[PDB]
Structure formats: C-alpha cells, structure tokens
Amino acid sequence: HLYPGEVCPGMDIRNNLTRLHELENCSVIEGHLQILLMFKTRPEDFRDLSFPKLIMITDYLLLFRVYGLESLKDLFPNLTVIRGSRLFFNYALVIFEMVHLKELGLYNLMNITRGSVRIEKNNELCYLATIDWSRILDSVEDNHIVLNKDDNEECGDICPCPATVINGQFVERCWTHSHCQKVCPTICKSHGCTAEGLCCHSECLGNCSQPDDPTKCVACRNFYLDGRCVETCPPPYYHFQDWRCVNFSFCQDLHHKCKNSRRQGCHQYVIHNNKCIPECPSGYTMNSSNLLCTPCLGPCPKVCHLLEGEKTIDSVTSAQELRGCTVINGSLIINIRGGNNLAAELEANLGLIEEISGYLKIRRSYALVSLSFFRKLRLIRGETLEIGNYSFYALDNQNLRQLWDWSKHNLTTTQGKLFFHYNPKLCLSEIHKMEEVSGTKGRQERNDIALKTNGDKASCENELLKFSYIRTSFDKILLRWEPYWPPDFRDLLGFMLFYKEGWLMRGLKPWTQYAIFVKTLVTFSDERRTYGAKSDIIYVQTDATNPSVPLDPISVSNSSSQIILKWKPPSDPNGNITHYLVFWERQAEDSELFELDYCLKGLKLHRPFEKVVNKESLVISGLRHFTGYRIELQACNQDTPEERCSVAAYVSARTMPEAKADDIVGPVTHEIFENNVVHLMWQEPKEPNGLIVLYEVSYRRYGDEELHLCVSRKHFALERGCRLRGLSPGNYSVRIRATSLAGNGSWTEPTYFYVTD
Amino acid sequence: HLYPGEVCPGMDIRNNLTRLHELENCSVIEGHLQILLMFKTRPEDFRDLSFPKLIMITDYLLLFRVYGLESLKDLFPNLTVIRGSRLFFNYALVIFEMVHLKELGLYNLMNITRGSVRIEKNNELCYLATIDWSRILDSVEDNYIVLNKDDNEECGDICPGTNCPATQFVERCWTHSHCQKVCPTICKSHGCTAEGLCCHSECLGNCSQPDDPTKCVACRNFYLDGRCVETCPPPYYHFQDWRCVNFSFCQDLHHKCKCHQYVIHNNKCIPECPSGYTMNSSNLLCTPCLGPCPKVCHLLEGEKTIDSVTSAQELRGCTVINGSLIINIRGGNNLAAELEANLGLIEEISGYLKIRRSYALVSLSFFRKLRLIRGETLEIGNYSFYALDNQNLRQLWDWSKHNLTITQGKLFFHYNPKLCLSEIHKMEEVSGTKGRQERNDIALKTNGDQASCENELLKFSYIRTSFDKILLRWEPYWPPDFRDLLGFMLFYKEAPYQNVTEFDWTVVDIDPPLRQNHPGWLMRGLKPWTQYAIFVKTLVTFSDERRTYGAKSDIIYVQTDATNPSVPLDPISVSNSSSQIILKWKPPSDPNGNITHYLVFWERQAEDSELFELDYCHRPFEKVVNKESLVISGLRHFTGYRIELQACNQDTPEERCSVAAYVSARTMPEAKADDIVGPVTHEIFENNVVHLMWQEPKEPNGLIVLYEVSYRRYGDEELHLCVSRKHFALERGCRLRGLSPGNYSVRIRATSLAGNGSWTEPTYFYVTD
DNA sequence: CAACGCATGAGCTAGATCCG
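Each chain carries its own residue count, running from 1 in the order of its written sequence; this scheme can depart from the entry numbering, and residues that have no coordinates do not appear. Chains and ligands are labelled sequentially in the order written, the chains with letters from A and the ligands with numbers from 1. The basis for every side-chain value is the complete set of heavy atoms in the structure, and neither hydrogens nor water enter the calculation.

Structure determination for this PDB entry is given in the record as cryo-EM, at a resolution of 9.35 Å.

A. Seen up close, the overall build of chain B. Numbering of helices and strands runs from the N terminus; a helix is a DSSP stretch of H or I covering at least four residues, while a strand is a stretch of E covering at least two. Summing up its helical and strand segments, chain B has six helices and 41 strands in all. Viewed in the frame of its principal axes, chain B has a C-alpha envelope of about 145 × 90 × 55 Å. Burial classes follow relative accessibility: with a 1.4 Å probe on protein chains only, a residue under 20% of its type's maximum area counts as buried, one over 50% as exposed, and anything between as partly exposed. Counting the 769 residues in chain B, one finds 51% classified as buried. In this description, accessible areas are obtained by the Shrake-Rupley approach with a 1.4 Å probe, and a residue is regarded as covered only by the protein chains that are shown. A total accessible area of about 35,700 Å² is found for chain B, and carbon and sulfur atoms account for 54% of it. When charges are counted, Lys and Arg contribute as positive and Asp and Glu as negative, whereas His and the chain ends are disregarded. A charged residue contributes its charge at one atom only: NZ of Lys, CZ of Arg, CG of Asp or CD of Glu. Here chain B contributes 80 positive and 95 negative side-chain charges, whose respective centroids are spaced 4 Å apart.

B. Region of the structure containing the protein's contact with DNA strand C. Being near a molecule or strand, for a residue, means having at least one of its heavy atoms within 4 Å of it. The environment of DNA strand C is formed by 18 residues, the closest being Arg14(A), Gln34(A), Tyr67(A), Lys469(B) and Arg524(B). Close to the protein, within 4 Å, the atoms of DNA strand C are drawn from sugar and phosphate at a rate of 59%. A distance of 3.0 Å separates a sugar or linking oxygen of DNA strand C from a polar side-chain atom of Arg65(A). The contact in question runs from a phosphate oxygen of DNA strand C to an N or O atom on the backbone of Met523(B), over 3.3 Å. Here the term charged refers only to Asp, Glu, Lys and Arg, the term nonpolar to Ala, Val, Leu, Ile, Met, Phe, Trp, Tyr, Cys and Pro, and the term polar to all other amino acids, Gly among them. The class makeup of the residues in the surface near DNA strand C is ten nonpolar, one polar and seven charged. The term polar contact refers here to a pair of N or O atoms within 3.5 Å; inside protein, the definition further demands a hydrogen-donor-capable atom paired with an acceptor-capable atom, and it admits residues adjacent in sequence only when both atoms are side-chain atoms.

C. Highlighting the nonpolar core. Counting residues in each nonpolar core, the largest one holds 58 residues, and the members touching the most others are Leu23(B), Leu33(B) and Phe76(B). Breaking this core down by element, the ones donating at least two residues are β1 (6–13), β2 (26–38), β4 (61–66), β7 (116–119) and α1 (133–136) of chain B. The element best represented in this core is β2(B), accounting for five residues. Membership of the second largest hydrophobic core comes to 41 residues, among which are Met38(A), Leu93(A), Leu104(A) and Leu125(A). Side-chain atoms within 4.5 Å are what join buried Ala, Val, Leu, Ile, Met, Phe, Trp, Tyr and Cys residues into a set we call a nonpolar core.

D. Region of the structure containing the UniProt feature "disulfide bond" in chain A. All names here are of chain A. UniProt pairs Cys204 with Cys217 in a disulfide, and the structure agrees, placing their sulfur atoms 2.0 Å apart, under the 2.5 Å limit. Placement of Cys204 in the loop between β11 (144–148) and β12 (238–240) and of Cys217 in the loop between β11 and β12 is noted, with a sequence separation of 13 residues between them. The same class applies to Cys204 as to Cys217, namely buried. In plain terms, two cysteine sulfur atoms within 2.5 Å form what is called a disulfide here. UniProt positions are given in the numbering used here, feature names are shortened, and annotations may be inferred rather than shown by experiment. At 2.0 Å between sulfur atoms, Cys258 and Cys266 form the disulfide that UniProt records. For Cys258, a relative accessible area of 13% translates into the label buried.

E. Main features of the domain arrangement of chain B. Residue and element names in this part refer to chain B. We note that the domain assignment places domain 1 (1–186), domain 2 (316–453), domain 3 (474–557), domain 4 (569–666) and domain 5 (672–767) within chain B. Domain segmentation is taken from an automatic or database assignment of domains. Computed over C-alpha atoms, the centres of domain 2 and domain 3 are 33 Å apart. Residue contacts are counted whenever heavy atoms from the two residues lie within 4.5 Å of one another. Between domain 2 and domain 3, the residue contacts involve seven residues of the former and four residues of the latter. Reported buried area values correspond to the accessible surface (1.4 Å probe) lost by two parts on association, with both partners' losses combined. Interface area, domain 2 with domain 3, both sides summed: about 480 Å², of which 44% is carbon and sulfur. Summed over the three residues of domain 2 that lose the most area to domain 3, namely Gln450, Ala451 and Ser452, the buried surface amounts to 60% of that side. The salt bridge definition used is simple: a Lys or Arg side-chain nitrogen within 4 Å of an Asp or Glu carboxyl oxygen. Summed over the shared surface of domain 2 and domain 3, the number is zero salt bridges. Taken together, the links from domain 2 to domain 3 amount to two residue pairs in polar contact. A per-class count over the side of domain 2 that touches domain 3 returns four nonpolar, three polar and no charged.

F. A look at the packing of aromatic side chains. Note on aromatic contacts: the rings of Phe and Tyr and the six-membered ring of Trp form a pair at centre separations within 6.5 Å, being stacked when their planes are under 30 degrees apart, edge-to-face when over 60 apart, and tilted otherwise. One pass over the full model with this rule turns up 49 aromatic pairs over all chains. On the numbers, 6.1 Å between centres and 25° between planes, the contact of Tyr732(A) with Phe753(A) is stacked. On the criterion of sequence distance, the pair formed by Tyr732(A) in the loop between β44 (722–724) and β45 (733–740) and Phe753(A) in the segment after β45 is long-range, its members being 21 residues apart. The same class applies to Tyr732(A) and to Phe753(A), which are both buried. Put simply, the rings of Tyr352(B), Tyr383(B), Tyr386(B) and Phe412(B) pair up and form one aromatic cluster. Geometrically, a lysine NZ or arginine CZ counts as sitting over a ring once it is within 6 Å of the ring centre and also within 35 degrees of the ring normal. Its end group placed over the ring of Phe524(A), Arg528(A) keeps NZ or CZ at 5.3 Å from the ring centre. Seen from the ring of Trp478(B), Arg515(B) lies directly overhead, with NZ or CZ sitting 4.0 Å from the centre.

G. Spotlight on the pattern of salt bridges. All names here are of chain B. Using the criterion set out here, one finds 47 salt bridges over all chains in the structure. A salt bridge links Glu272 to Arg114; the shortest N-O distance between them is 3.7 Å. When its relative accessible area of 19% is taken as the criterion, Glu272 is described as buried. Within this structure, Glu603, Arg619, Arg642 and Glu644 form a network of salt bridges that share partners.

Spelled out as structure tokens, the structure:
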C-alpha cells in the first residue's frame, strides 16, 4: 500500500509524555509536530516507545528543550519526506538546544520539498558534516548549523555510502556509525530509487519496493487517491492540502462540523477550482447550498454564526466570535457596559452584519447612545418568538437616544411586538418615527409602550421643534430655529443640542456630514402633565476648503534621465480630490563648490507642469544626468470651476549620472622644456556629470615607483594642463584621469615622451 | 451732572418692558446690575431715550443674550464712572454671548480703576473696533478683546464726521447719534471731552468743565473738597481711589442710602471690612467677629446668582447666607468642580443650596461646618435645597460634624441614581424638614435605583516584591451571597507618584476564591527598580434591583527591586597618541539604581612573528566611578589593545555589574620611525661587488615587510632590490652581484606597515670594473 | 520544606508560586 495507516492531526506536547500515546495508529500528521518544555524526565523511558508507522509530515517538525534523548532514531524510524507546507520561523526542521542527543539518527530523509534545516546549541551531536544536504535539501542556501559539538573536530566522525565528492574532498557521508547516507545513481533526481539503482515510478519518491510501479512505492509527489496518485486527479474529487483529492461529500461535512462556532481554528471550507480551499479569496463570496464561490459583484459580505441561538455581547471580546457574521440564524442580545476606546471597535466587529433572524434584546445597555452600528442590518423577521409575543425588547437604556435614521436607512419587520420601557433618553416622537418605516401600523397590532416611561431627562412627548434658518461655512454653522413656548413660558428652562458626525456651534470639519436636532426641557406641574419638543433628525454636511500639502514626497532615480516619485495624499482632502499637479525645476550646480581644493580633506558634499490624476506616483523623463531637480507637488481637489488647491510640497531629485561621460578624450599631449619641466595637456570631457573637480596624472618609468600628482581645477584652469616639475629624462608611462563628482573614469594610454639614450 | 438724582440700591432687569425706565431717576447705584436671558420680549418693544441721570455705579455690569436691543443709550447715555468693590469674572465689565445689537451707548465711559476688560464670545456684535481700548482704560495689552467677531472688524461702523473729536473702524464712536470723546492716548485713563486732550489734566473719565480739577467727576488721586491731592489728609479717608471723606462723612455716605456701606480702615473709607468682621448697625462700622463670620457680603433682594467660575462674591468670607443662590455657570463638563471654584472657603451655608452634574466626587466633605439654615429670606418655592444630576455622588455627610438643622426650607431628592436611599432618609431626619410637616416632594422612582453605597475595602493578605515582579494576595472575600461573586478586578499601574488617580491602570481579573483560598495576583514582567500602585475591587453579580455587594481594596505602592546593570552604552576605545589609548562609553540603558563604578579591564595585544617574515619580493584593570571615560597609557607605537568594559550599580555586598564589552584598538603608528638608521658602510671592489650594510629601523613599527634598496646610476636605468627578512638577516644588509661602471648611489627605506618611512640619504659608492 | 536548577525573561512556545 502507499499509506495504509491513519490520518493524524497536528498536536503540541509540553511538560509530559502522556499525550504522545495518541500516535499508536495514525501515520500521516497534517499540520506540524511541536514537542517542547519537558524537564523532569529520565533518559531511560525513551528506549521502549516507538512509532514505526509515521511517514508524512506536512508543515514542520520542532524539537525544543528535550531532556533524556540521546538518539531519536529509536522514535522516528520510518519518516521520509517533509513537505514543508508551512514554514515555522522560516524553517522546516529545527533541532535546538538538545542536551543529551549523542547522534541525530535521521537516516531516512530523501527530499525536503521546501524550507531548510537548522541545528543549534547542541554540544552532543557528531557526524553533522556527513549529511550531504544538497542531495536532500533542494535549498542549501538557507541551511544554518552552527554552535554544535562539531564546532571543533573532536567527536570522532568515523563510519563505514560512496563517500560523495560534492565538495573538493572525498568526504564520507554517514548518518550514524552503523548507517551511511544512501546515494544511488542520479539518472532520476527525485523519482524514487532502489538499492540496486533501478529508478522506480516517476511520480513517487523516497524508498521503494518494486520499480516503475505507482501502486507499490512509498511516497509520491502531487496528490494521492486510494492507493494510486496522479499529478492531477479527475474531478469527482477536489484537491485538498496540495497532497490529496477527495469527493465533495467529505469536506462539505467539515464546513458543517464547525458551522457551530465551537472552534475558531477551523475554516468554513469552500469549493473553488477543485480545491476545497478554506476561503475563496477577495472578490468572491459564498452561496447557500452549492458551496461554490460567487464572483462577488461589487462589495459583498462574509459569514460566521451565533452561539446556541442566544449570543450575549458584554464587550468587544464577546463580539469577537461575531466577527464577520453576516446572517445570524437565531436571536441576539447586547449588554455593553463600557471599557476603553469604544469609538469604532463596536462598528468594526459588526459593521457588516446583514440579517438577524430571532429577537433582539437591548436589556441593561448603557454604554451606547445609538444603535447606528447595524449599518448593514436590513430586516428582523424573527422565526422564533420571544415569550409574550415580542420581537423587540429594550429596558434600562439611560443614555440611548437615537435608534435608527429613517432617512438614510429602511427597516422592515413582519411579526412580533415591541417593548420600549424605562428608556428616558429615548424619546417618544422617535419611537413614533419607526412605525412608518418598520410598518407595525400595518397588520395593525396593539403594542405596549408606556407614554410616561420615556421622555425623562428630556421633554419631547408633545411638540416637534422646527428649524428656521441654516447657513454653513468651512468651519462653523449657526442654528436658529423657531421658538417653542409651553403654555406656561416660565416652565421652559432651556434647550439642549446634540450633534455627531440661536446658537453658534464652532467645532466642525470640512467635508463632513453631521446629524443635528433640538430638544426642549420643561419642568413638571403638580399633576404629572409634562410638555416639550424634539426637532427632527436633520443632516448637516460641510463644504470643501483647499486640502493640505502632499505628505512625505520621495523621488528616486533609476536611469540617467529618469526620476520616479512617491508621496502621500494630504491629511485633509476636504472633498473629492480630482487630481494632482506636479512642478519640477532644475538646480544646475552649487557655484560655491567651484573654489575648494578637493585633494586636501575629501568631498564637500516658467517651469514645466504635469497633471497626474488619481495616482500617487510620477515617472519623470527627458532629464539631464546628475542634475539636482526641485519638485513641487500640488494636490488639487476641484478643477473645472476655477481650480484651487493647497501649498506646494517641496522635494528634490537627482538623476543617476552616466559613467562614460568622464573619460579624457584623446591622447594627452606632452611638451618637453629644456629645464626638466614638462607640459601635459588634455581636454576636459565634453559632458561632465555635475563637475570634473580633480585630475589624476600618473607618470611612471617602467620598473620604478610611481608618484601621484593632484592637478587641481584651478591649476588646470589657470595654466591649461599641468606643469609637471621634477622629471628626470627618459621615457615614461603616464596615465591621465579626470575625477568628477560621480567617480573615476578610465586611464588614458601611457603618455610616452621619450628621448633616445 | 453733579449727582442730580437720588442714590438707589442694586437692581436687575428681566423679562419685561415696563421696567426699562427706572434709572432715569437714580444717579448713584450701590449694588449689582445685570441684564440677561431676554426672551419674552421682542425687538420692536424696546424704546430709545437719552437722560443725563446716571454718573456712577459701584459694582460690576453684565450682559448675556439680550434679544431685541438696538442701542445702549436707552438706559446708559450718561454713565461716566464705573468701578466696583465686588468683582465678577475678575472684570469690571463682562460682555458674553450677546446678539442682535449693532451699536453701543458708552461714549462717555473712560474711567476704569478696578478690574479689567473682557471682550470675549460676542456674536453679531458691532462697534468693537471703533473703540480705542487705550482711550477707555489702560492700553489693549491688559484687556482680552478676543474670541469675538470684531477681532476682524466686522459690521460697517459709521462714526459722525466721516460731534466726533479727532482720533470697520472709521473713527472712535459708540452710537450713530453720539461720538466717543477721543484724545491722545497719553491720557490713557484720565478721560476727556471732545477737545483732543486730557479733559482737564489729571481727571478720570470725564470732567464737566475742562481745565478745572474741581469739576473732575473722578480723578486719579483722591478728591478732597475741590482738590485731587495725592493722599487724603485727616480726618478725610480714601474713598475708592477717587475721593477723600471724613469718618463722619464716611458714616454719613452710607447712612444716606439707608446699599453699600463704607467704614474707616487703612485710611480707606471704602465699602469693605477686614476678614471675619461682622457688622454693628450703630454707625455701620466694622466690628470684630469670631468663628464662621459672614462679615461684609451683599445679599440684597434676598437672592444672588452664580454663573461664573471666579468672582468676588463667595470668597470674601460670607459664611452665613441670608439670601438665595442659583448656579448657572456656562461652559465646562463638571459643575461639581465649577461649584467648588466659588464656595471653596465657605463651609457653612445658611441659604439656598443645590448641586448639579455630580462628578469627580462621591461624597461631600466641603460642608462640614454647616449646622443651621436660617431661611429668613423665602427661597424659590420655599425650597432651600435641590438635588438633581447626582450621577457620581455615593455618600453624604456624617452626623457628628455636620449636624445641619433647617429652620426654613424644604427638601428635593430627585435624579439621584447612584446614591442609596439610606443617606436620603438621614437627610430628612437631621435637617428635620419631614419633622416640621413641611411639604417635601420626593421622587423615589428615579432615586434609589442604579444605586451603590457599599464601599467595603479589601486588604492584600500576602504580598511579595521581587526584582521584576510582585506577587500580591488579598483575603478571600465573600459577599452576602456566595453565588454573588464574579471574582475580583485588581487595578494596578506603575506610580512612583504618591498622588495618582484611577479615573484616567491595567486591570487583571481573579477567579472567586475556593468555596478556602486567598485570591491574589502576581504581575507578569515589569521594569526592575520601579514603583507600582496596586488595588483590587470585587466584581459581583448585580440583581434587577441593582444592589451592590462588592468590595474595593485600597491602592498599595509596592516596588520591584533592582537587578544587574545594563552594558555601558556605546563603548568606544580610540587612540589618542602613539603611547596612549582612551576608552569612552555612555551610562547604561538600564542603570538599575545608583551607579557605584564602571568595571573596566584592559590588556596588551602583540604582533605575531610570521607577519614580519612575510615578504612580497592579574589583568590590568581600572575602576571608573560614575564616569563615561577611560584613559590608559604606557602603550607602544602601532600596538593593539583590548579593553574590557562593564557598568556596575552595587559593589559593597556583591559584585553586581553589567556583562562585559571589549574594544580592540591600536595606537597610532610612527611613520618616521621606519626611516633607515645606522651607518651605511660600503665595501667597494673592482669586480662589481659592493657589500651593503644598513641597520634595522629605529622602531619595530609592527610587521616589517621588506627593505627597499634602490641602487641607481645617473644615465642608466634604475634597479631596485627587494631585501627580504632572510636576505637582510643573512647578508647583514645586501651585496651587489654584478654591476656597471660609474659612481652609483643607493637610497634605503625599510618597508613596514606602520605608515611608510622616508628614503634615507643616497649613499654613494663608486663602482669600477 | 521552605534562589536555582534540569530555560529564557516579552525576539509561530509558556510568561516568573510559569516549575520543583
């Protein structure tokens, strides 16, 4: 058989050896195998337990802080291949800080598919250089075996194997003193092999029983199917974990196995391209029954589940299970007390909830002030009914003020009743604002909401405040409305205003939309006969001002005439930014750089526009080599009606210089004066990059030492060349070079000025 | 002028039209005067009228949201002198959130002695840039004309002339029908008429006749019987920095209004008494008082309002209250702190009291001297007490220090959710308002719900500080129900401060104790040598009644200990000379308490011999006490030295120091020391053989690569010799095997690697053949 | 039976009575 054993999940073992008993019959371990932090263990209990039927390892194997093992070949005698499906700490196999391991004993590995091996801090291992990872590890450039007992060649390293010649030495590669590393002829690289050199079936690996058979070798390459395995099995089975393919009847249960959210370590397995993949990627969503992923036309939502038909959310950690739940087949109850940073975390965990199919409870809810975080909720149909024929229930909402906006949202509901009691901040005209949208005036039913239980800490049960005038600026809005007077005008103490993203309210934001209304406050006459008012929920949106500068522009060159730019959008667009405007201008050369002798200490160191739209980069072309460019950035939001925008963002650029443009052109002319001073003339390269600053002349007699001369820019300018003093008669090999602002060019021919001896 | 009308006490204008014609018969105002919340009356109802019947007010002025006023000459068209002994906002004038006005009426007001000017938060207000603040009082830098809508000079302001004397802003003016009297800013506050100069000379505000000190309505020095002498001669006494009045006139000034009362004190016949001096109504002079003394404090009209955070009304020392008090302070988000800013010094309140927006305080302990309420003045609704918006108050006063009794006034317990009803019933009995059958309106549907006043403390049963963590355990706490225990919520945070708050603290929750076991907490990794403030609170189940049985352990400051120091940061050993090297570093990243010294070792590293023979042919220690530098000497040219460096914090009971750091650096080389020395002796022969004998360089200079022997001839090619170590050692220099005729010269320069030496003198030898 | 050894000390493996 190929794999006659049993499947085996990945586990973790720590502080004991009791949970290793569950490997009695399982052969292939998907996931990884980590055994760590085991201390009070004798070395003697390791010589009686064995696992002869373990072969396949998918992700990685990790041994860490083991006490008592001297040779792990007694524990893992028959594993051959490590798939390395998941790299662990950028490794596929790590043996670390082992205290007793005399020898490794891993004599059956043939091919590490992906990853590398790491052995560290093991002062007890030998034969570590007799492994020949190159024949097993397809990637040796990541091997890391340092600080072991073989740091010094002191542990023997004797063994009875061809003694391969992969390096320049006849290194003999053995695993232990009784086994060598098996190397057969390489006519097939990883196609399986026998002890007689007969290559087995092409699509399998490692040890083998009969050659050229895909049914009786050991480990194969791509997949596996019932004693056979082909590179791509037919699609009555869908590929699974890139090593198998199985009928959809198998893993469709696994989708239903943890559809009850008992463990978040699983995935809602989906079918996509004959891969029972955990999630079909972004731009794809799930249908109900077919388990195939829909192309997700436009933005689409994602799903999880609720808890036992009734899930209670106390804080964000309770709502963490409801992360990304779109449809909920049950009831829901929310009890939020408070915490830290309650601004947008509640809208992040459940800002994509689509539907709830039971009854909603807002009992004991105080930290909220509004239920606007069900932005995507559309319907509460409620198949199950709360006792008392209820489907909406709310008590003890001391600060709850706004249920939902019926201008920007449409609620619907079908059956059940409502309950609004002891919600003082919650008004009465607002709970009269849902029955037109929720439609409970239809299928007309007698709901039970008390007239007195709401309107406390406000006064709105009677009238509806009316605005009179609104006027919006870039940062402020005035709010003058119609004056409301109770029948006893002395009873009105004042007004209170709520706003969230006459009176002068000053703290606004450009291009931001707010919700505003006005609430009255009156006292109570000695009959329990209150008055009051609430204006309707009115949206106010600000206007557009000029944005800010484009943040942190950067500009790197990739050629002799190319600058590419990268910046950031301005912090406040203050409206839809249509485009950008970019100006670049040349900075020729710093003229004060002309007057320094550089061979003394070292180195001292309108306009065109481009309109880039809906982008954050720009490739500038047609530029001079090695010339500093100054770049101005405009982020302009509105263009057609007399465009306006921000202050320019300033950034500098330099083009990469050309290398050939610095060589001295032509032979360097020599002039011989009778007084042993010579005139060496050359012409400066016609297109310097920045500046040609120094000249390196090197006159040398063949067979004698060389003495360098620095020809300064001033000396070349004032004298046109170099007057080379102190020159004995005879022929000289003279090398001439011009040092520029970029680097060296090339030496000229050896300038031969010769006089016959 | 000349005070032609009668003197009147304070007044206030509210909510009506008929009462806007009263100051036409009052000339001197002694008391407060305010106009605010003008909502019942519409713009058209107001009337415009000018009357020269007002010359002085002795207290502050305030405007706040007046709807429908079109000119300020309607009530104050002759007001000349304003100064107050009782301040409000600390300013003599307060213009706040007023709207629907486009012109003023104070074209004569130019005397300001007491208080400053605050022009802030004024919407739709004009004529605030056609006023020379350097003319009305001291120049603009002492006045807060900010937060307004005339800081940018809004509205079109028309000043007559563009009569108006020589000066949005077109001229200084206050009304379309009246002009600001403008004169050089040198007068500053001396005031002036329309003459382009100080009114008379040293006047203050305005003068009836220019060039006469007698007719100064007020002057910068004290006025006495037609003069403005610098100080008041006896028996006259100083009177508000502008008058001299004798003791009889000092008494007669206030006896006439029988208002404000003036007493002789510090030669200042001013309306004041020193601290804790009550009143004796025989001459209304200051008389000594003991204990809680309300002394001088204006409570006329039997009521007083507080809508400011700072004012000179409840800080003078007026403990006993004979009037009413209403709190309407604008701005902020905690009236509990706003209330404390006004009544911090007063601990006994005999008048009207109420609290709103209780926060940052759970119990009241600032009213421990209140033990009697008079109620002689009737309170609004006969209620001397209101309770409302008490969402943070958990406990009331004790009944061994407060001992309040109410002789007139009624109770109001509404919207007190956090306070439990146990304290509420104690109020009714101690105050005895329910015991006087006086009607108390009590709302226990909104009170005694969501309440918690059980604040039992827990004590840390057993604690352990360690160098980086601290174990803490507290006694097993069981509320009245064993099931009613949701564990504990220990709050801790690093707090080397001895004044730290928990309202701004990492929280750990602890399982309920075994039903035992001591519930405790061990921190999981902390900075060594750090102080931590730790406390527990018991988390318990709350019933539908919301009755709290939890406990709250107190804050404990327990400090983790120190550990080994961190390495001396940035350890650099660089050469400063050929024979000395220096080591430099920085104090440890984690000093772990006081540093006692820096443990630093060093030693010499030599050069191996095979470097020389290559041709190309205990340990010394230092102790650095709280210093980041090390200098060592006695070193050799071009020699490497490794220097161990550590940092220590404690060395008396144990050697606890940072782990070692090593820097290996070499002293600078001596290039000149490679120069050839020693007698260059020649053995010249006639068979083209010359024996060369030059000596080794003066200094070893590290490895010596070779010896450069360059024997040359003038007219022939130059020949170089690479004298190896073996060659030099065996030949005592060099020998010339085969030569050419002529006087040869050889320059010798030994080649080492310590820099490069210099070519010695060319030693001539005449080769012959 | 009252620091250390049979880890390290906040870099996918626990979190300092975390283990005895």
